[PDB]
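Asks: One structure coming up, written as structure tokens, with questions to follow.
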Amino acid sequence: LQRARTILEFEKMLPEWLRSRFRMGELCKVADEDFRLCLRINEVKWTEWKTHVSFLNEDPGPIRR
Amino acid sequence: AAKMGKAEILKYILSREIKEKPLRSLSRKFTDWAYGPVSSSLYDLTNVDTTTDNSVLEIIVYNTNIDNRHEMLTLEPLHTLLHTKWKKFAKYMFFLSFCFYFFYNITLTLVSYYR
Amino acid sequence: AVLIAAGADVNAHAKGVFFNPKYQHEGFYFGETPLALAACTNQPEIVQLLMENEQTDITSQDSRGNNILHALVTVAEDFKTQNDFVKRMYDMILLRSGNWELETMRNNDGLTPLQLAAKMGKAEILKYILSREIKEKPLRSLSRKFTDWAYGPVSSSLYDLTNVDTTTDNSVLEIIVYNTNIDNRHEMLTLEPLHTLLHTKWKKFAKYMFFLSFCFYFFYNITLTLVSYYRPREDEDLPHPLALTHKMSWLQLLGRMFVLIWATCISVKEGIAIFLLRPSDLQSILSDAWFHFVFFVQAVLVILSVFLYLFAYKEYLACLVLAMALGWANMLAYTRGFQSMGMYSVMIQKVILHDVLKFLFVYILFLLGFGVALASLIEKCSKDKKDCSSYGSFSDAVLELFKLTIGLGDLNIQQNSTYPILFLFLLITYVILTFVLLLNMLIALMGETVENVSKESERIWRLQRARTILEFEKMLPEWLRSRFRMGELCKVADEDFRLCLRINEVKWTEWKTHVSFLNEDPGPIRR
Amino acid sequence: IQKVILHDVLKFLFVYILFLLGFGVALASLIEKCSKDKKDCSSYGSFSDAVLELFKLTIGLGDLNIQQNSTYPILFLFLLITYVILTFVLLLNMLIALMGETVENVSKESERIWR
């Protein structure tokens, strides 16, 4: 919490144009018009062995190219 | 949910997996790809970090009156994003102010002891 | 199955940008064949179906020289984050079709999949595979366990012992002792081929062999003491770092030619040992290569005294004493041979490393912070005893405050001058900090640590005596007269009357009739 | 009083006397110096002095001398502070933490032993 208490204050005393792009930006949603909302990528492990209905892509690890 | 500090429904709502396709669009989780046991998880990130005023991160850090804040930040939009943002600049930025104050500290010592 | 009925190729190799390291990326390194992920998907039914095809090759190495068994190991991560299916998956694929040719297959870097379980540190499947009881008689021959006799509740247990001890290069014992990067090694050596065999080999020679080197270094240590304390002092500034006495009663010439050789012999001994591992500069140099680094610093520091006669420098006696103080300081390393004291040897080893570095990094900070500040008021034009020729500059108030930890004598609130009720204010603040607050921290800090470690601290000591025992054998190139084992005791296989074995004892469980046995149940061998 | 003498302090003194001799002989080398103690022509300054000089360091000794002992006393004081680093803040506080684990382990069955 205390290092979290610090880190925002540095950003608060950073009025630049925010070059530190901390995120995947404007990565498209499933909604056909809503291709907005910057996102995140994370990793999960072995549980709940099943078929997966919902997906977004043709399963690469990073983005293509 | 941040202001009241209700953790468990906040534990829910940041995930919010929607399985059904006609209304999957409202979720806070989208399986970007899965490939079985090791998946590409994905949080929605729309009102989380201070890109707008008074984002949910800005409350939970700068809130009093709650002794669940340390436990609440365990959550995975909350936890890893701090580690993310500390990596690229804030590990550097602290050590600058650390060195600037420590070398401030030495210049204080010399002029007030030697002559 | 319809695709197989359509005629899909069961032998395909999925190359590409996956099977990458850094498991944050995809890198899911299963072995690129349809058989490999099939067990890995926890799908035993189609595993059977893949075995129904005669065209299925299983032998075939794929990308990193890996067959079915290799990457099979490198998903065995935990008992908690797994239902433990891989164990019976692996068991199923052996009984369905299993040959020793497939087992003895090595890989790209030339490494046994059994040895891979050591390298990856997958403990639980390694817990399986060393036992490997096979109950059925047409293929019992491939087991790692053979009931030599049983007689009910107290049986003659027997491990296979074929790739275990260093009778060949890079045996599975040699990995697990000399491996870094894994914090499961101490727990893994609990296993019964691993555990008892060390106790076996320590019995016949290594209990003797340590005490030889212990006595040789301890009596080295005494000869260091005598020549450097009793008669270095002759009234002349000739250095003479080793006492000679070229006349009769040759005790001191015996002193010189003793000490130089053992220092040289221990230098080459540890010099090859330091050539031999590469740490990440703080994990194994600061648990394992510590006392090795101690020795290498020690012996060179001894022989450097000999170099101080060459141009006769000023350091001839000053350097001659540091090796002495350190030379008794590493007898601490050689007390591991006892039972309870070896348990204390890890208690001295982690508290230096987790607790007191944390202490001194804060302790020296206020030692300077109060140190310079009190050195400002101590000037005063009145420093110490009519301060015109005496001391009163910086190291005084350092040592005035350094002695405050212990009995200093008396504390002076005396003539130091401008506002001494600020001077005494910092003195009592130092007492508030550094005697009642900051010191009693570490005492409460140690108590939490010592109970946390001393449930597994025994095992760490076991690793360190295991760390020793192989090195003695490594510095034993004899014909290995110490026969540590039952040798070439015959297997059930009619031609394979080979594979040196072991005898062990089990107790009351699982009350049943025993089908498989070897003999007509004597206790020892007949005659 | 009966098990702590037997499981804990034998372990202590077998290590304690080791550095008591190790520092003991080493500091006895520098204390010769042709300048041992108070114009060293008739007074003492041989071996048991620096033993008792260092044996009194466990408790209040009076004052500690960084004085005229001669050749490189910043090695002499270096061993003194190393003795403090070892034998007052590291090695002593071992047994205190060691006793606390033992006393709770025995005092659930310690009554029975008295019986």
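Here chain C follows Swiss-Prot for its numbers: 232-758, in order, are the residues you see.
Method on record in the header is electron microscopy, 5.2 Å.
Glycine too: its Cβ is placed from the backbone N, Cα and C atoms.
What Swiss-Prot shows for this protein is this:
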- C:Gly638: Na(+) binding site (BINDING)
- C:621-646: intramembrane segment (INTRAMEM)
- C:261-291: repeat 'ANK 4' (REPEAT)
- C:298-330: repeat 'ANK 5' (REPEAT)
- C:340-362: repeat 'ANK 6' (REPEAT)
- C:398-420: repeat 'ANK 7' (REPEAT)
- C:461-479: topological domain 'Extracellular' (TOPO_DOM)
- C:509-519: topological domain 'Cytoplasmic' (TOPO_DOM)
- C:541-545: topological domain 'Extracellular' (TOPO_DOM)
- C:609-620: topological domain 'Extracellular' (TOPO_DOM)
- C:431-460: transmembrane segment (TRANSMEM)
- C:480-508: transmembrane segment (TRANSMEM)
- C:520-540: transmembrane segment (TRANSMEM)
- C:570-608: transmembrane segment (TRANSMEM)
- C:650-686: transmembrane segment (TRANSMEM)
Asks: Near the Cβ of C:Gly638 (Na(+) binding site), how many other Cβ atoms are there if near means within 10 Å?
Replies: 15
Asks: Below 8 angstroms Cβ to Cβ, which residues of this chain, lying six or more residues outside the transmembrane segment (C:650-686), approach it?
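Replies: Those are 574, 577-578, 581-582, 585-587, 589-590, 593-594, 597, 601, 604-605, 608, 632, 635-636, 642, 644, in sequence order.
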Asks: Helix, strand, coil: count each for the residues of the topological domain 'Cytoplasmic' (C:509-519), based on DSSP.
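Replies: Counting residues per DSSP class in the topological domain 'Cytoplasmic' (C:509-519), I get 0 helix, 0 strand, 11 coil.
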Asks: For the transmembrane segment (C:431-460), what are the same-chain contacts with Cβ under 8 Å, counting residues 6+ beyond its ends?
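Replies: That would be 473-474, 483, 486-487, 489-490, 493, 497, 533, 551-552, 554-555, 558-559, 562, 565, 568, 696, 699-700, 703-704, 713, 715-716.
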Asks: Is the topological domain 'Extracellular' (C:541-545) packed against any residues at least 6 beyond its ends, judged by a Cβ distance under 8 Å, and which are they?
Replies: 469-470
Asks: So which residues does the topological domain 'Extracellular' (C:461-479) touch in its own chain, when a touch means Cβ under 8 Å and the partner is 6 or more beyond its ends?
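Replies: Distal contacts: 486-487, 490-491, 536-537, 539-540, 543, 547-548, 551.
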